[PDB]
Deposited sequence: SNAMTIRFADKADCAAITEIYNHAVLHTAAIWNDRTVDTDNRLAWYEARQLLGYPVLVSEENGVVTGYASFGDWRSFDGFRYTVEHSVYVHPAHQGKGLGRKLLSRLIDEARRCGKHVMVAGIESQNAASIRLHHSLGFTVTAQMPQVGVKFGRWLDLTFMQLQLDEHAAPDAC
């Protein structure tokens, strides 16, 4: 059968690491300059599993073409219904609808996990990501000039968010 969106396995972690490292080296999407090893992303993957948070891959005849996941925006208790997510498509497979397929599914999984808000931290010149999010119902709630640096230049940050329900705020426990 053919492309699939599925939950990642531990064995996907090397493909994930390669995509992650490419984004570190070649995009303004990750505001760090540290490439990592397979075990780093394995530990990341496992921490997500422990919280029951999805790590998703897109695949075509058995090869990983992209990934998506979310985690807590911040570790403090008051943020426990807000997640910050990310989507990375292998550079050779970008512009083919995989980002929308991954994010669409991630939204479903966020609703399943009981989350209230998804937060996208997008570098302001990333028109593809801003459009991707717009098309899945996200709205711009921040525009923060010169709060990042990479490649020797200031970066601007756009926050976009999607509120997943209109429920009342939960109790303490």
### Message
Checking coverage: what stretches of the deposited chain sequence are missing C-alpha positions?
### Response
3
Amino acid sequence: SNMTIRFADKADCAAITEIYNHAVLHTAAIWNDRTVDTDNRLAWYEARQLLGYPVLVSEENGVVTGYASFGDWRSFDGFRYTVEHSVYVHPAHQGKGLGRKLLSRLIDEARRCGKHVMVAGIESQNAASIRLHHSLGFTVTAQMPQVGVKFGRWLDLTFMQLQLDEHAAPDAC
From here on, numbers count along this sequence of modelled residues.
### Query
According to the deposited model, is the average Cα temperature factor higher in 28-36 or in 143-151?
28-36
### Segment of higher mean CA temperature factor, 61-69 or 102-110
61-69
### Message
When the deposited Cα B-factors of this chain's modelled residues are ordered and cut into thirds, is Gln125 in the lowest, the middle or the highest one?
### Response
highest
### Query
Mind checking which third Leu136 falls in for C-alpha B-factor across the chain?
highest
#### Entry: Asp156 - Cα temperature factor, lowest/middle/highest third of chain
lowest
